[PDB]
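Take a look at this single chain, the form solved without the named molecule, given in structure tokens.
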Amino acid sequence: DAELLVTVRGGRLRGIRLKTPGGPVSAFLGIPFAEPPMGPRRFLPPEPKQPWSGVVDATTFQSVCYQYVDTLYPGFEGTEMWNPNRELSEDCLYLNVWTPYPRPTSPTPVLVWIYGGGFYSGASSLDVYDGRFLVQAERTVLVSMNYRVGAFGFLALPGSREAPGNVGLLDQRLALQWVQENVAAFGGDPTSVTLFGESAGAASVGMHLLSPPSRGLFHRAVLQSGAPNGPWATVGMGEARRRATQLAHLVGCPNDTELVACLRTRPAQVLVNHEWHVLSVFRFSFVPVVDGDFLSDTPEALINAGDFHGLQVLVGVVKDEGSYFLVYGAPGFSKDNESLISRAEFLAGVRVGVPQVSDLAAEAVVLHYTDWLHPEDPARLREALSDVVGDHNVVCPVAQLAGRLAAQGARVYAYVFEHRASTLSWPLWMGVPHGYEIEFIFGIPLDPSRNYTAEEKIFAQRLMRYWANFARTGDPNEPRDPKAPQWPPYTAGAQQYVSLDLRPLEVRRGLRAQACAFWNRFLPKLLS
């Protein structure tokens, strides 16, 4: 009750006590770290939040940033758990800070979450990102921000002062400068800050490694199912311009000053309602551009040039990365049936999964992913197209990144997440889809109101420990403790990684190595 008042550079705050079967936690939800980016500020870099008199209420999540809402399947958990759970508003630059009770008395290490969502969706307030269980169980400090998405975050007319692009990334940065200035007040150690994110959050964390001005602001990194070198995670100057112009057109706008002037007068919902027709699966309209500025060169270029001495990184993927994307465009697919596609369907699906490449490139994808004893087996065709989408978008970019980092000075650990939640509502055939590790890392199966199993509970705890050990010491392994089977670093040569699963750790070699060689070494030669 004493522990719920805290003063930070901007002024005073009041928090709320949250429960956990193991005991309570103090949360400060809804803290403003920037001026609302409204009116003439729509599309500009964020500016720091002005100080305030009085006590700001931080007992409740603030507004979700404006975003498209998935509505394919009203009532469906699988889909609705990703959708906004507070009112939409352009006024959304708030962050949240969980801290243990009692407050810690030395500086303690800080985990900062960056939500995924394809850069077009997501909120720090989703049930599945609740920081209470992780902070309780491992006495770390946890911070999450909201950051602008879609046009409001990533519309770009390259080299104009009025919509420069990458402002969502700047939002994230501002929250990270904020953590530097204020986490001490919550008992948090600003000299031990570990970023972690999924999907576009992982791409985001990636981009922070490669942006000199953000490297100052953290010490370690965790990329779950995502990387900044994705074919979906960034976009070229011309393409960004073309996408911006088309959005403008579609809302009746009409020279850059005039374009962004006109855009600035449209209701936020009007923009959102046209985001999707500017573009396939696993492609999103407004993603980070390569401007020369937040990124001085392509993510690929910067990874290759970079020095990563004295940096620890945890990276990983789920069993079935590509699966859930398929019911968003691939012919023959539906979540409500087994999706046993035919071969014709498989070939047409490959052009959807791997959009605009030479037919020569498509053929080569088809050879590589067909089993020639069973070229027409519907179930095998389903799994394969799944892999195509998975490998191309997530597993291969991650493996490239992982390898290049280890080879260049970084200590790197790697996983594959292989447990299907007992509570999942997507169909059996999708396996362990994109995003379905997150709830285990966040400790959600401890919430008694939810229906997880006993082993599920234990597993979640191991997961929180790995993550927290990584955060504290740059190594997931149980600080000083064999047997507890060991987790070896991933190197370019031995390419070692572990399976996270109800079973004890197993070590394995090569993150889909044969297929990655195809995407990473062969295929380029042949777009070219």
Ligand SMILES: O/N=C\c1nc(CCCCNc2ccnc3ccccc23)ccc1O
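Residues that one form lacks are left out of the comparison. The first residue of the sequence shown is number 1, and the count goes up from there. Think of the rigid core as the biggest set of C-alphas that the two forms share within 1.5 Å after superposition.
If you look for the form solved in complex with the named molecule, you will not find it shown, but the lines that follow are about it.
- The candidate stretches are 100-108, 307-315, 77-85, 354-362, and the one lying within 4.5 Å of the named molecule in the entry with it bound by heavy atoms is 77-85.
- Comment: the named molecule is not present in this chain, but in the entry with it bound one of 349, 187, 288, 435 has a heavy atom within 4.5 Å of it, namely 435.
- Shown without its partner, this chain lists 191, 425, 453, 296 as candidates; in the entry with it bound, only 425 has a non-hydrogen atom within 4.5 angstroms of the named molecule.
- Remark: residue 391 does not count among the residues lining the named molecule in the entry with it bound, judged by a heavy atom distance of 4.5 Å or less.
- The named molecule in the entry with it bound is not approached by residue 417, whose heavy atoms all lie more than 4.5 angstroms from it.
- A residue is said to contact a partner when one of its heavy atoms sits within 4.5 Å of a partner heavy atom; residue 324 meets this definition for the named molecule in the entry with it bound.
- Although the partner is absent from this view, residue 168 stays clear of the named molecule in the entry with it bound, with no non-hydrogen atom inside 4.5 angstroms.
- The single residue of 195-230 lying near the named molecule in the entry with it bound is 198, the criterion being any heavy atom within 4.5 Å.
- In sequence order, the one region between this form and the one not shown where at least three consecutive C-alphas each move 2 angstroms or more after rigid core superposition is 421-424.
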